[PDB]
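So the sequences go chain by chain: A and A'. A prime marks a further copy of an entry chain.
Read left to right, the first sequence gives residues 1 to 155, 159 to 196, 203 to 214 (the entry's author numbering).
Read left to right, the second sequence gives residues 1 to 155, 159 to 196, 203 to 214 (the entry's author numbering).
C-beta atoms are modelled at their ideal positions from N, C-alpha and C, and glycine is treated no differently.
Protein chains: 2
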Amino acid sequence: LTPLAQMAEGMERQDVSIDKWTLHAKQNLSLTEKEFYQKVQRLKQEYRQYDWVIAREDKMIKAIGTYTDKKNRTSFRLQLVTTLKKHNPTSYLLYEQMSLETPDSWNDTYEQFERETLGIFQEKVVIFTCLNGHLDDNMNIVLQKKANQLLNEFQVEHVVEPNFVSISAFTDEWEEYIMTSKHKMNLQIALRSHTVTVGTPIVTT
Amino acid sequence: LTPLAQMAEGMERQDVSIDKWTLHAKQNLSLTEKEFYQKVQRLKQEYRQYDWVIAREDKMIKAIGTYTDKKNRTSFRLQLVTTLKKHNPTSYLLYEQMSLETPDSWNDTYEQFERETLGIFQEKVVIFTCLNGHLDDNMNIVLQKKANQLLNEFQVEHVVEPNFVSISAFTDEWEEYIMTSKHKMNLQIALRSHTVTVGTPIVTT
């Protein structure tokens, strides 16, 4: 069900390798300097797990809370921001979960986050899901696929090496053939990591 | 019809870029040293276009005739070989056509070669076709394809840059969405030359 489960599982099927997932939620707020440090003080009482840093790059103030859950191989960030210079100040609270590792259950972790969200924000907020991943650099997989596309392009018998693929084949498409040591062939396809070689009856030397 | 036409056209359709084609034919023969130089002498009379080199890396002798047709952007090699040390010698004549350029007509060139073959060998011989080619290194084409596979993986709106692709999309698959400046979206796919990023409703910063 959860967008996390779906995005993940969709990415695998599409051969995307997952490097990192993050879940985040944000709540706009309106905070005086005074209210800001009040909120910070409450956050430090309620969520003792975080290590806090206050940063003030003017005219803005940032309370950044940080914590990594080693048991669950997951990281959290709670961040309160206000822009200091305004008699109608724009502020927000941001809650963020992150990991470099696939969790036991994509669904239990999303439902957990959503759950914690309500405790932190005391309101139902939009939850943002973002996955990072990479494509498979194994040049053996692309070499082999095209080989087949070509084989079918035409209409076998086979190989495979470090960065190499070769095929012998047959089709009732041409006059010529050769029989030698058990068997009987008239098309050679050869890819190398990109190089293509196509020959009738064989690619010679 | 000709295997050359077919191999070529099959390769293009399969996105293989052709670097080089070669056609060749070979005829086993049986040649005394004396008969070998006789044959060479006849070849030099009959085919005045070739420049000849005799090479003798023992105990074998090689007459290599070479000629490039600038009008037809095509190259020829006629090669007579005998192994010198034997009182039953194994010899052959090899005729070879080559080009780095696609010809006006794959079919007219194969039929031409076949034709010349009969004049040279005075017998019908097996004709060997071999193409060399490369795969498209334009990383833009693979980035875009996977993007779509992913888009359909899920169920848009679009971009494209030097080595980059991004999409905004929508599906009735989840609760959330956003409307801002004309339009309405809840999936962002982003590839970079390999990097993948997938987000709901948007990939933020």
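Under 7 Å, Cβ to Cβ, is there at least one residue of chain A' near residue i?
i        : result
A:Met182 : no
A:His186 : no
A:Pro3   : yes
Determine, using beta carbons only, whether residue i and residue j come nearer to each other than 7 Å.
i         : j         : result
A':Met188 : A':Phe167 : no
A:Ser30   : A:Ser91   : yes
A':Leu1   : A':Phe113 : no
A':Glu179 : A:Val126  : yes
A':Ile211 : A':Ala147 : no
A':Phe154 : A:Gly208  : no
A':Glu164 : A':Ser171 : no
A':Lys39  : A':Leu80  : yes
A:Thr206  : A':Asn132 : yes
A:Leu194  : A:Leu143  : yes
A:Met139  : A:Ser184  : no
Just the chain A' side, please: which residues come within less than 9 Å of residue i by C-beta, in chain order?
i       : result
A:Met7  : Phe154, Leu190, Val207, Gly208, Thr209
A:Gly10 : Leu150, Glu153, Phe154, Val207
Say whether chain A places a C-beta atom closer than 7 Å to the C-beta of residue i.
i         : result
A':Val40  : no
A':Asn28  : no
A':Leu100 : no
Leaving out five residues before and five after residue i in sequence, what residues of the same chain have Cβ atoms less than 6 Å from its Cβ?
i                      : result
A:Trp106               : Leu4, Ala5, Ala8
residue 198 of chain A : It's not possible to place residue 198 of chain A here, given that chain A moves directly from 196 to 203.
A:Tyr110               : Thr2, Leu4
A':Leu100              : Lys20
A':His186              : none
A:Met98                : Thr22, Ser75
Run through chain A' and tell me which residues come within less than 8 Å of residue i, C-beta to C-beta.
i        : result
A:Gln149 : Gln14
A:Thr213 : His24, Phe128, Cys130
Return the chain-ordered list of same chain residues with a C-beta closer than 8 Å to the C-beta of residue i, the five sequence neighbours on each side being excluded.
i                      : result
A:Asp51                : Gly65, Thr66, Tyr67
residue 157 of chain A : A gap in chain A, from 155 straight to 159, means residue 157 of chain A has no coordinates in the model shown.
A':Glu33               : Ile61, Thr82, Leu84
A':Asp15               : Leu135, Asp136
A:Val162               : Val168, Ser169, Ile170
A:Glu123               : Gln27
Residues of chain A with CB closer than 7 Å to the CB of residue i, please, in chain order.
i         : result
A':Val126 : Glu179
A':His161 : Within chain A, no residue comes near A':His161; the closest Cβ sits about 18 Å away, beyond 7 Å.
A':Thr204 : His134
Give every residue of the same chain whose Cβ lies closer than 7 Å to the Cβ of residue i, excluding the five residues on either side of it in the sequence, and list them in chain order.
i         : result
A:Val53   : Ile64
A:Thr102  : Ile18
A:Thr117  : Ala25, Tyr95, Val125, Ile127
A':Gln45  : none
A:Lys145  : none
A':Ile120 : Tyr95
A:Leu78   : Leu43, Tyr47, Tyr50, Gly65, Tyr95
A:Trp177  : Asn189, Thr209
A:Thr129  : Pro3, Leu4, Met7, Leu23
A':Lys71  : none
A:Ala55   : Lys62, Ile64
A:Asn152  : none
Since residue i meets chain A, which of its residues come closer than 9 Å, beta carbon to beta carbon?
i         : result
A':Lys146 : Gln14, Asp15, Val16, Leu135
How would you list, in chain order, the residues of chain A whose beta-carbon sits under 8 Å from the beta-carbon of residue i?
i         : result
A':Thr109 : By Cβ distance, chain A contributes nothing, its closest Cβ being about 15 Å from A':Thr109, past 8 Å.
#### Entry: chain A contacts from the stretch 71 to 94 of chain A' (Cβ-Cβ distance under 9 Å)
none
### Task
Return the residues of the stretch 53 to 69 of chain A' that lie within a Cβ-Cβ distance of less than 8 Å from chain A, sorted by chain order.
The residues in question: there are none.
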